[PDB]
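Have a look at the structure below before the remarks.
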Amino acid sequence: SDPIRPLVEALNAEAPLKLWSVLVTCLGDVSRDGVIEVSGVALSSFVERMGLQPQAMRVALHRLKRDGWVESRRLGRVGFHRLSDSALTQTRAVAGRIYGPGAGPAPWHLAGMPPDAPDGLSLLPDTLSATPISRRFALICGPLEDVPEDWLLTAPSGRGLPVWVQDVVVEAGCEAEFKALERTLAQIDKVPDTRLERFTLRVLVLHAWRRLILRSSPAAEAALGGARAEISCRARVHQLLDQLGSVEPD
Amino acid sequence: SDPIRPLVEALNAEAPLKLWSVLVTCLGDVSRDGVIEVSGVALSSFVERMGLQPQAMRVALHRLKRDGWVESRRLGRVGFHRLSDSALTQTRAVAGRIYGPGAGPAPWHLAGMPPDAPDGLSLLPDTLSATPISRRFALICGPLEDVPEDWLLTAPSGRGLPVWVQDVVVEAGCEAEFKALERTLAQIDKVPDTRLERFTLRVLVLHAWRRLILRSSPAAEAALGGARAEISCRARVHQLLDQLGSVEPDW
């Protein structure tokens, strides 16, 4: 009655799973909790458990090696893979977004760029999340101290959002997508016995959520409000990640 | 000496005075305080005290007659002129803007129009004042209940206005034009003795104000604040209209 095979089919059906990215999630998750590097054979059993070929893992590791995402050691006949220093710092920068408790009822603001600045959104710090609603105006989230003084900063009125705004925020804030992932995730009923099954399921549930949470806009999320699909979806993922727990591969 | 001649030269220097409009101000002002119609000879003495020809007044009255702004009676040898019913109702619609105490520190908001609506500002009621700051965004004034539900309504944050916004409002809210008119008005030292002088000065001070007020954006002004020029300039115009008082054109 295997929980892995149907979950894989389901995730692939919404958006095909790119092995290199699944590997980045896997390596990222283990390094966050102490396992700085995973053996090639241990990694290979995870890739096989998923329904994939060890050949596919080699082509994924070659892609990631050349692109500076992964680093490799050879101690005798065993290969050891880990995220690169570049990849780890980038991974750590999104830890709170992925593993954290979430923004909850986060407030939003509207920011208007000066006339001289066409690509004004690039001038906005990494700490700020911005969803354009017009050529010069965007819905913003984050530290308002990071909003430059030459931008027009304006706050929400008691009024709701006009339909044209709600249409933008529903799309950028992945309301349909978080609902769809939660509905797919609802299928998982029991925790598997095997340490490998528990590990493969955790990486799959984590990858599905990682790929979405990092695609969605926190600004657009804050604009959707407390009833947003991201709340209930995060609620299930972090419950699932707790009931599956953390597995050191063997 | 004479306070009329320099004031005329000063007003003409900023923007040449159009006689037909000066007449519309005059007739509108008298209708406000009871004088339903002014005689042609009384009107002619006002036009002359200004430094103009009676011929110029006839061409101005002909323009206003055909255009339905003024109506004329001929009781014997005397002609009687008044604003037409449509001119009066249009005049009365702006009474509060001209004669009123002003909006003071009136609040502003930012309104964003939907993508499908290009001429969104036309869809905004007469009760709302709007100053565009972008193609789809404008600073608004007035009853928020009149702001359509398909517009993005956003309020001021504790932060000030960026320089690019201040530049719009300084222009739109006639900051410099209000400064100049107030300085121009400082020359008016004492109230003249003559009923005619008192009358001509009142119409001139009122016209200069009327033109600039109906041109300035109430929303732009609301964004400018309580230290804006429209406030002090308004108090000066009202102070003068009070110290000059109201004169019946008997002459």
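Residue numbers (the authors' numbering), protein chains in the order written: chain A, 5 to 254; chain B, 5 to 255. We put the CB at the ideal spot given by N, CA and C, even for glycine.
The region 104–123 of chain B contacting the region 158–165 of chain B, beta-carbon criterion three pairs below 8 Å: yes
For residue 208(A), three-class secondary structure by DSSP: By one-based count along the first sequence, residue 208(A) stands at place 204. The answer is helix: DSSP assigns residue 208(A) an H, G or I state.
Distance CB(residue 31(B))-CB(residue 87(B)) smaller than 8 Å: Taking the second sequence and counting its residues from 1, one reaches residue 31(B) at position 27. Taking the second sequence and counting its residues from 1, one reaches residue 87(B) at position 83. Yes, the Cβ-Cβ distance between residue 31(B) and residue 87(B) is below 8 Å.
Residue environment, residue 78(B), which counts as buried when at least 16 other CB atoms sit within 10 Å: Counting from one through the second sequence, the residue named residue 78(B) turns up at place 74. The residue is exposed, with fewer than 16 neighbouring Cβ atoms inside 10 Å.
When 89(B), 231(B), 94(B), 39(B) are compared against residue 2(B), the one with the closest alpha-carbon: It is not possible to answer for residue 2(B), since the shown part of chain B is limited to 5 through 255.
Listed by chain order, chain A residues near residue 33(B) by CB distance under 7 Å: For the purposes of this step, residue 33(B) is identified with residue 29 of the second sequence, where counting begins at 1. Those within 7 Å of residue 33(B) in chain A number zero; the least Cβ separation is about 40 Å.
Contact with chain B by residue 160(A), beta-carbon distance below 8 Å: Position 156 of the first sequence, counting from 1, holds the residue named residue 160(A). Yes, residue 160(A) lies at the interface with chain B (some Cβ there is under 8 Å from its Cβ).
Residues from the region 126–138 of chain A in contact with chain B, defined by Cβ distance under 8 Å: 137, 138
Residues, ordered as in the chain, of the region 95–117 of chain A that lie near chain B by beta-carbon distance below 8 Å: 113, 114, 116
Residue-level contact to chain B via CB, residue 156(A), 8 Å cutoff: Against the first sequence, residue 156(A) aligns to sequence position 152. So yes, residue 156(A) belongs to the interface.
Contact with chain B by residue 166(A), beta-carbon distance below 8 Å: By one-based count along the first sequence, residue 166(A) stands at place 162. Closer than 8 Å: yes.
Chain A contact residues for residue 182(B), given Cβ-Cβ distances below 8 Å: Here the question's residue 182(B) lines up with position 178 in the second sequence. Those within 8 Å of residue 182(B) in chain A number zero; the least Cβ separation is about 24 Å.
Residue nearest to residue 17(B) in terms of C-alpha spacing, selected from 185(B), 195(B), 72(B), 166(B): Sequence index remark: in the second sequence, residue 17(B) carries index 13 (1-based). Comparing Cα positions, the closest option is 185(B).
Contact list for residue 122(B) against chain A, beta-carbon separation under 9 Å: Taking the first residue of the second sequence as position 1, residue 122(B) is located at position 118. Under the 9 Å cutoff, chain A gives no residues; its nearest Cβ is about 13 Å from residue 122(B).
Any C-beta of chain A under 8 Å from that of residue 225(B): Taking the second sequence and counting its residues from 1, one reaches residue 225(B) at position 221. Judged by the 8 Å Cβ criterion, residue 225(B) is not in contact with chain A.
Environment of residue 85(A) [buried if 16+ CB atoms lie within 10 Å]: Indexing the first sequence from 1 puts residue 85(A) at position 81. Counting Cβ neighbours within 10 Å, residue 85(A) comes out buried, since at least 16 surround it.
Stretch-stretch touch, CB-based, cutoff 8 Å, three pairs: the region 229–243 of chain A with the region 138–152 of chain A: no
Option nearest residue 197(B) by Cα separation, candidates 25(B), 249(B), 63(B), 36(B): Within the second sequence, residue 197(B) is the residue found at index 193, counting from 1. Considering only alpha carbons, the answer is 249(B).
Which residues DSSP lists as bridging residue 96(B), in chain order: Here residue 96(B) refers to the residue found at position 92 of the second sequence. Answer by DSSP bridge pairing: none, since residue 96(B) is not bridged.
Residue 329(B) versus residue 132(A): straight-line alpha-carbon distance, rounded: This structure leaves residue 329(B) out entirely; chain B is present only between 5 and 255.
Complete alpha helix (DSSP H) runs within the region 130–207 of chain B (minimum length 4 residues, chain order): 167–176, 179–190
Boundaries (first-last residue) of the beta strand (DSSP E) holding residue 86(B): Within the second sequence, numbered from 1, the residue matching residue 86(B) stands at position 82. Its beta strand (DSSP E) spans residues 82–87.
Contacts of residue 50(A) in chain B (Cβ-Cβ under 8 Å): The residue labelled residue 50(A) in the question sits at position 46 within the first sequence. Chain B residues near residue 50(A): none, gap ~47 Å exceeds 8 Å.
Alpha-carbon spacing of residue 7(A) relative to residue 192(A), whole angstroms: Numbered from its first residue, the first sequence carries residue 7(A) at position 3. Numbered from its first residue, the first sequence carries residue 192(A) at position 188. Distance between the alpha carbons of residue 7(A) and residue 192(A) is about 7 Å.
Nearest candidate by alpha-carbon position, reference residue 23(B), set 5(B), 164(B), 33(B), 67(B): Taking the second sequence and counting its residues from 1, one reaches residue 23(B) at position 19. It is 67(B) whose Cα lies nearest to the Cα of residue 23(B).
C-alpha distance - residue 12(A) paired with residue 19(A), whole-angstrom precision: Here the question's residue 12(A) lines up with position 8 in the first sequence. Here the question's residue 19(A) lines up with position 15 in the first sequence. Straight-line Cα distance between these residues: approximately 11 Å.
Residue 28(B) - DSSP class collapsed to helix/strand/coil: For this step, residue 28(B) is matched to residue 24 along the second sequence. Correct three-state label for residue 28(B): helix.
As assigned by DSSP and simplified to three states, the class of residue 75(A): Mapped onto the first sequence, residue 75(A) falls at position 71. Three-state result, residue 75(A): strand.
Pair within 8 Å by beta-carbon distance, residue 190(B) and residue 110(B): Translated into the one-based positions of the second sequence, residue 190(B) becomes position 186. Translated into the one-based positions of the second sequence, residue 110(B) becomes position 106. No.
Strand pairing of residue 113(A), partner residues [DSSP]: Looking up residue 113(A) in the first sequence gives position 109. Its beta-bridge partners are 144(A).
Cα-Cα separation, residue 121(A) to residue 154(A): Counting from 1 along the first sequence, the entry for residue 121(A) is found at position 117. Counting from 1 along the first sequence, the entry for residue 154(A) is found at position 150. Looking at the two C-alpha atoms, the distance is approximately 10 Å.
Own chain partners of residue 172(A) with C-beta closer than 6 Å, once the 5 adjacent residues on each side are dropped: Taking the first sequence and counting its residues from 1, the one referred to as residue 172(A) is at position 168. So the list reads 137, once near-sequence residues are dropped.
CB contact flag (residue 39(B), residue 211(B), <8 Å): Here residue 39(B) corresponds to residue number 35 of the second sequence, with the count starting at 1. Here residue 211(B) corresponds to residue number 207 of the second sequence, with the count starting at 1. No; because the gap between Cβ atoms is not below 8 Å, this pair is not in contact.
Proximity winner among 14(A), 229(A), 251(A), 105(A), relative to residue 164(A) (alpha-carbon distances): Counting from one through the first sequence, the residue named residue 164(A) turns up at place 160. If we check each option's Cα against that of residue 164(A), 229(A) comes out closest.
Min CB distance residue 196(A) to chain B below 8 Å: Start at 1 with the first residue of the first sequence, and residue 196(A) comes out as number 192. No, its Cβ sits nowhere closer than 8 Å to a Cβ of chain B.
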